[PDB]
């Protein structure tokens, strides 16, 4: 931290204590967040912010540097060939992907499968030139369970069928049971702490994203307040995805969100499932057919 312009030993101590230990967090911080630290003037705040941005080279970029930036994005396999393809490779880090659908369509299944695949190193697709092995080593997932449907037995089962130790997935997956939107949101904000503690969080799951908000703000005469809270939550999720080069997945029960990728999943004939990608910044709307078996997501 003392590398930052104006930052001396005492200021560094105040920053680390306030949770600002990383440069990108300071570079992307507002003078407000830092002046709130007290002891941190708006003067020092502005200088260290400018210096962090510069140290992180956050200016204008063009040409080949645009490709290099896009290359820091790694993708997580869904275990479904059709789905991975419709995704343009797999689930993207640095973005929030939403899986919406009626009850029983398979949203929770995809969340579980994703926690398992994170542990199969060959399921993380990346350009070693832009993403080092160290960056994706010992990856851990965070599962914010809003419904109480997290099933450790299901994790074990999927893991085993994929040839991976079930307990190893459990050992590297943090589950947080949230009973309301307040807990749901705090948990997500506290993910930054798991990382500061040495945990390489590479996958964040929110299952589900909207249940709590809907039960708390049913009155469609306050839907604005709800939308406001949900908006702040989503913003926290997108920033988390970006700053920590992390894959973020959310589910939504249906009978629009700030998610960069949005799917509609419906149950097909028996085993079959159809995921329709209807929203993304660079992919065409397309459907992927797959199935859910005792092995998890397959085909």
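In this text, rigid core is short for the largest set of C-alphas that superpose within 1.5 Å between two forms. Numbering follows the first chain given and starts at 1.
> With the rigid core held as the alignment frame, decide whether 221-229 or 130-138 lies farther from the shown form in 6 other deposited structures of this protein, in terms of RMS C-alpha distance.
When 221-229 and 130-138 are compared in 6 other deposited structures of this protein, the bigger C-alpha shift is seen for 221-229.
> On a core superposition, give the stretch, 112-120 or 68-76, with the larger average C-alpha separation from this form in 6 other deposited structures of this protein (RMS over structures and residues).
Per-stretch check in 6 other deposited structures of this protein: the more divergent one is 68-76.
> Check the residues of the deposited sequence separating residue 255 from residue 256 and report how many of them have no coordinates, as none, 1 to 3, 4 to 9, or 10 or more.
Unmodelled stretch: 10 or more residues.
> Averaging C-alpha B-factors over each stretch, which comes out higher, 49-57 or 28-36?
It is 28-36.
> Mean Cα B factor from the PDB record: higher for 12-20, or higher for 278-286?
Result: 12-20.
> Taking the Cα B-factors listed in the entry, which of 107, 75, 226, 154 comes out highest?
Among 107, 75, 226, 154, the PDB entry lists the largest C-alpha B-factor for 226.
> Comparing recorded Cα B-factors across 139, 101, 134, 90, which one is largest?
Of 139, 101, 134, 90, 134 has the highest C-alpha B-factor.
> Please rank the C-alpha B-factors of the chain's modelled residues and tell me whether residue 177 sits in the lowest, middle or highest third.
Lowest third - that is where residue 177 ends up once the chain's C-alpha B-factors are sorted.
> Compared with the other modelled residues in the chain, in which third is the CA B-factor of residue 69?
Middle third.
> By the record's CA B-factor, is residue 193 among the lowest, middle or highest third of residues in the chain?
According to the entry, residue 193 has a C-alpha B-factor in the chain's highest third.
> Compare the C-alpha B factor of residue 249 with those of the other modelled residues in its chain, then answer lowest, middle or highest third.
Tercile = lowest for this residue's CA B-factor.
> Split into thirds by Cα B-factor across the chain's modelled residues, where does residue 82 land: lowest, middle or highest?
Middle third, going by the recorded CA B-factors of the chain.
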